[PDB]
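Everything on this sheet refers to the single structure shown next.
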Amino acid sequence: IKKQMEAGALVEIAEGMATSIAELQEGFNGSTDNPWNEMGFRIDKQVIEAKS
Amino acid sequence: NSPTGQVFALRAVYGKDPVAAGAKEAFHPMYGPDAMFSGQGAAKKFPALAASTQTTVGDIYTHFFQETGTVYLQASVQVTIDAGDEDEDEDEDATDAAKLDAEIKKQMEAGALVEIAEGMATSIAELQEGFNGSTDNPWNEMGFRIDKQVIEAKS
Amino acid sequence: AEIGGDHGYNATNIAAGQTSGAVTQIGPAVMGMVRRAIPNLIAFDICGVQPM
Amino acid sequence: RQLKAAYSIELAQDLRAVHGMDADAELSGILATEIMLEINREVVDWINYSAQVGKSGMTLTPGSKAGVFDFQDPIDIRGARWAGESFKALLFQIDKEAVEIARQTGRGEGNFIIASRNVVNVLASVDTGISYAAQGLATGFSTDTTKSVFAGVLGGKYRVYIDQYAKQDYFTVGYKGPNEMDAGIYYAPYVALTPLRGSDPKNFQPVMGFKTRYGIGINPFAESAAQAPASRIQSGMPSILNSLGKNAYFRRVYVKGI
Amino acid sequence: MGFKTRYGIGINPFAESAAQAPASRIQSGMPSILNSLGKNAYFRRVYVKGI
Amino acid sequence: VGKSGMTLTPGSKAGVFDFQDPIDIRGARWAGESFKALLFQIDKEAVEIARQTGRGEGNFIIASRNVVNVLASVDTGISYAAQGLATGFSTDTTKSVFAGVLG
């Protein structure tokens, strides 16, 4: 893929939601199967013995 | 501060009707001015320099370089600009616009056809655009056009 | 229900303000006009300027 | 040369009300600057149309290329190896082209250089003068063309003008004597841009246009090499004879490799 | 909880440089594959290898 | 697609600036020489932009991480030859991605 990306066949692209699909998200005005995208977080632990 | 916006771009075309197809922007940064547009070019048309066109000494030829603009060439040696091969496939894709001008750029290097320009003979300028029974000598005109672009905000 | 909608992301629709919902926009805001710059002149101190 | 504009009335009213432009000064500004753009490019074309093909005759090392100052040829650039000692050899080559033109004209060595963007830039990225091998970012000159086509003074001697629409990498050296007669190409302005106006009563739509007259000539000793004129009375206007590849105070060398 | 934001990405005219006249006198200023893909003359991109 | 057309030195790969090709680095032999050739390549592109836009020479550069430190590890100004510690610029992305002013 990285070889192709140099050739110009593929390129990074970032767009945004069209406002028509923005308002009609998971509900409003009778639209269906249009969920959001969700972000959470997690916490992890580690243990440390004490040598002597 | 609005759902949409617009931007205006004004251009200066070469010749009569501005919106007419095929016009050429006047003060182009890349493309150079047609130096003969106001002079000899306003009097007589020149043959368009194309592939496999055996030139003759003293004749003036025009071409539009893909990255430089419009130029007037006065060949001094009788050559045919096809030389090696027609088009075929000399290299990678390299559309004939790229092959032709590079071929012409080669000739400019070799002391062949050289960029020139000049004004107009007073015999024709005095009678420009109809006078003393003359006909079909309309002087060149310049005009401008204005266009728009629009953007709609996304979310 | 009452959705503001949006233009169809078409040059004609956006220019005219025609939306797909209730409210119809006045038109795109004028952001300014951009011309083309005047190319410079390469002096005349490299030749003769004898007037006739 | 001449041009005509012939704009409309309803456009003048609408343009005034909507945008705020004038629709009259615009075309006059377009026409006035267009014609001077032709002439400014007109004189330069003659100069390159009349320059002798440089790096030949007595400005050529025994055999290097006979016509081009290749940057990839060991013979050309003084057997130099690294970048900062190779751009310096270009200065020496241009210096040779200055004395030779002084030899053919017998009035002075070249003091102005017409070069494309890259050749001008490569001069701004080397230490021009008696110094060690060096190179860096372009700081000395103004390789920008939007600002002005005037790089500056190279070596305190040469005046470096930038050719905007140059097809290939090249430089042209020439001489300009203090007297206006010693130039090698004469520009002769006869009549300035006289403005003209009128209006046909069938439409009342205004029509305007401009007319001007100018002349161009060459120095009598442009072909300095021959010892006699052609046919006594002769046409000073350039043509394929008097000026093509024969004018004296103009030497032009194509630079390849940059 | 949630968040929202609206913005607009635009290009400037004369970006293509080579083209001397637009297509329809009213054109989608938003960037597009046909409009601007390696065509915007404002920016030039150079790789490097063997760094 | 930069480094092509008028900005392409003939014989190169037309788009990449290899440090292992003598043509691209102009036969340089040591970092104090090769790294300066990169500065020249940047200059060539900026002027080319001023042609195809007709408004001015380019004055802002986006570059990858290490290639910025390379610019910070050469004598930017016109001088004999030099290299060493990356001191002129701020190659730390954590502080701020604005590396600083080049030349």
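Chains as they are written, first to last, in the entry's author numbering: chain A, 212 to 263; chain B, 118 to 201, 201A to 201I, 202 to 263; chain C, 66 to 117; chain D, 264 to 521; chain E, 471 to 521; chain F, 316 to 418. Quick reminder that beta carbons are idealized off the backbone N, C-alpha and C, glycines included.
Worksheet item: For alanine 108 of chain C and chain B, any beta-carbon pair shorter than 9 Å?
Response: Closer than 9 Å: no.
Practice prompt. Enumerate in chain order the residues of its own chain whose CB-to-CB distance from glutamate 360 of chain D is below 8 Å, with the five nearest sequence positions on each side excluded.
Written response: Excluding residues within five positions, the ones whose Cβ falls inside 8 Å are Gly317, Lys318, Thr322, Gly373, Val436, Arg514, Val516.
Worksheet item: First and last residue of the alpha helix (DSSP H) that includes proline 501 of chain D?
Response: In the DSSP annotation of this structure, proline 501 of chain D is not part of any alpha helix (DSSP H), being labelled neither H nor E.
Fill in: Contact the segment 76-88 of chain C vs the segment 147-163 of chain B: 3+ CB pairs below 8 Å
The segment 76-88 of chain C, when compared against the segment 147-163 of chain B, does not touch it at the 8 Å Cβ threshold.
Worksheet item: Looking at the C-beta of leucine 400 of chain F, does it have a partner C-beta in chain D at a distance below 9 Å?
Response: It does not: the Cβ of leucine 400 of chain F has no partner Cβ on chain D nearer than 9 Å.
Item to complete: Quick one: grab the DSSP three-state call for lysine 351 of chain F.
Response: Judged by DSSP in its simplified three-state form, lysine 351 of chain F adopts helix.
Fill in: Sub-9 Å separation of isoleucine 448 of chain D and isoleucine 425 of chain D beta-carbons
Going by C-beta atoms, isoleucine 448 of chain D is not nearer than 9 Å to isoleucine 425 of chain D.
Worksheet item: Out of D:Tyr450, D:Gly399, D:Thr406, D:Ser327, which has the shortest C-alpha to C-alpha gap to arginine 366 of chain F?
Response: Minimum Cα distance to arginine 366 of chain F is reached at D:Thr406.
Practice prompt. Report the neighbours of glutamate 211 of chain B on chain F: residues whose CB is nearer than 9 Å to its CB, in chain order.
Written response: Per Cβ cutoff of 9 Å: no residues; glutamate 211 of chain B is ~16 Å from chain F at best.
Practice prompt. Spatial neighbours of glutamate 211 of chain B within its chain, please: CB distance less than 6 Å, with the 5 preceding and 5 following residues excluded, ordered by chain position.
Written response: Its chain contains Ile198 as the residues whose beta carbon lies nearer than 6 Å to that of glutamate 211 of chain B, once the 5 sequence neighbours on both sides are disregarded; these appear in chain order.
Worksheet item: Which value, in whole angstroms, describes the spacing of the CA atoms of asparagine 510 of chain E and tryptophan 345 of chain D?
Response: For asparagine 510 of chain E and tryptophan 345 of chain D, the distance between alpha carbons rounds to 35 Å.
Practice prompt. Note down the Cα distance separating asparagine 118 of chain B from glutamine 236 of chain A, rounded to an integer number of angstroms.
Written response: Going from the Cα of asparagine 118 of chain B to the Cα of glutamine 236 of chain A covers about 25 Å.
Item to complete: Give a yes or no on whether 9 Å exceeds the smallest Cβ distance from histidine 145 of chain B to chain E.
Response: For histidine 145 of chain B, the nearest CB of chain E lies under 9 Å from its own CB, placing it at the interface with that chain.
Worksheet entry | Assigned secondary structure, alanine 165 of chain B (DSSP; H/G/I helix, E/B strand, else coil) | Under the three-state reduction of DSSP output, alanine 165 of chain B falls in the strand class.
Worksheet item: Is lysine 267 of chain D helix, strand or coil when you go by DSSP?
Response: Strand at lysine 267 of chain D.
Worksheet item: Ordered along the chain, which non-local residues of its own chain (more than five positions away) have a Cβ less than 6 Å from that of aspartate 209 of chain B?
Response: Closer than 6 Å at Cβ, skipping near neighbours: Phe182, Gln183.
Worksheet entry | Where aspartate 339 of chain D falls: helix, strand or coil (DSSP) | Note: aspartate 339 of chain D maps to coil in three-state DSSP.
Practice prompt. Spell out whether any CB of chain C is found under 9 Å from the CB atom of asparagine 240 of chain A.
Written response: Cβ-Cβ to chain C under 9 Å: yes for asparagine 240 of chain A.
Practice prompt. Just the C-alpha distance for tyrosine 512 of chain E and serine 155 of chain B, rounded to the nearest angstrom, thanks.
Written response: Straight-line Cα distance between these residues: approximately 32 Å.
Worksheet entry | Interface residues of the segment 487-508 of chain E facing chain B [CB-CB below 8 Å] | Taking 8 Å as the Cβ-Cβ cut-off against chain B, the residues of the segment 487-508 of chain E that qualify are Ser487, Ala488, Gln490, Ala491, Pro492, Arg495, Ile496, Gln497, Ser498, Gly499, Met500.
Worksheet item: Does the Cβ-Cβ distance between residue 264 of chain B and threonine 172 of chain B come in under 9 Å?
Response: Given that chain B is displayed from residue 118 to residue 263, the structure contains no residue 264 of chain B and the question cannot be resolved.
Worksheet item: Got a sec, what are the start and stop residues for the beta strand (DSSP E) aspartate 255 of chain B sits in?
Response: 250-260 is the extent of the beta strand (DSSP E) around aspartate 255 of chain B.
Worksheet item: Distance, Cα to Cα, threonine 185 of chain B vs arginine 304 of chain D?
Response: Looking at the two C-alpha atoms, the distance is approximately 13 Å.
Fill in: When D:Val383, D:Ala396, D:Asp432, D:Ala378 are compared against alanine 397 of chain F, the one with the closest alpha-carbon
With distances taken between Cα atoms, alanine 397 of chain F lies closest to D:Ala396.
Fill in: Through-space distance from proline 452 of chain D to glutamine 468 of chain D, alpha-carbon basis
So the alpha carbons of these two residues sit roughly 32 Å apart.
Worksheet item: How should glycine 508 of chain E be labelled, buried or exposed, when 16 other C-beta atoms within 10 angstroms of its C-beta is the threshold for buried?
Response: Exposed, since its Cβ has fewer than 16 Cβ neighbours within 10 Å.
Item to complete: State the CB to CB distance for the pair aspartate 308 of chain D and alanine 152 of chain B, rounded to an integer number of angstroms; the pair is presumed to be in contact (CB under 8 Å).
Response: Between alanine 152 of chain B and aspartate 308 of chain D the Cβ distance is about 7 Å, and since that is below 8 Å, they are a contact.
Worksheet entry | Neighbourhood of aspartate 333 of chain F by C-beta distance below 6 Å, restricted to the same chain and skipping five residues each side | Closer than 6 Å at the Cβ level, and outside the excluded window around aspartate 333 of chain F, lie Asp339.
Worksheet item: DSSP state of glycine 186 of chain B, grouped into three classes?
Response: Secondary structure at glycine 186 of chain B: strand, using DSSP grouped into helix, strand and coil.
Discussion item. Could you give the first and the last residue of the continuous beta strand (DSSP E) run that contains residue 550 of chain E?
Written reply: An answer regarding residue 550 of chain E cannot be provided, because it is not within the stretch 471 to 521 covered by chain E.
Fill in: Proximity to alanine 140 of chain B [Cα-Cα], best of B:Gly132, B:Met147, B:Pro146
Measuring from the Cα of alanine 140 of chain B, the nearest candidate turns out to be B:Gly132.
Item to complete: Kindly provide the ranges of any beta strand (DSSP E) runs that are 3 or more residues long and lie completely inside the segment 463-501 of chain D, ordered along the chain.
Response: The beta strand (DSSP E) runs lying completely inside the segment 463-501 of chain D and spanning 3 residues or more are 469-481, given in chain order.
Item to complete: Inspect the CB distances between the segment 482-494 of chain E and the segment 373-385 of chain D and report whether three or more fall short of 8 Å.
Response: Contact fails: fewer than three Cβ-Cβ distances are below 8 Å.
Worksheet item: Near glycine 392 of chain F, what residues of its chain come up, given a Cβ to Cβ distance below 8 Å and the 5 sequence neighbours on each side ignored?
Response: Leaving aside the five residues that flank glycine 392 of chain F on each side, the residues in its chain whose CB is nearer than 8 Å to its CB run, in chain order, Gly418.
Discussion item. Short of 8 Å Cβ to Cβ, which residues in the segment 216-228 of chain A face chain E?
Written reply: Among the residues of the segment 216-228 of chain A, those with a Cβ less than 8 Å away from any Cβ of chain E are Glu217, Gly219, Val222, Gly227, in the order of the chain.
Discussion item. Check for me: the alpha helix (DSSP H) holding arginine 128 of chain B runs from which residue to which?
Written reply: No alpha helix (DSSP H) holds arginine 128 of chain B; the beta strand (DSSP E) holding it covers 121-131.
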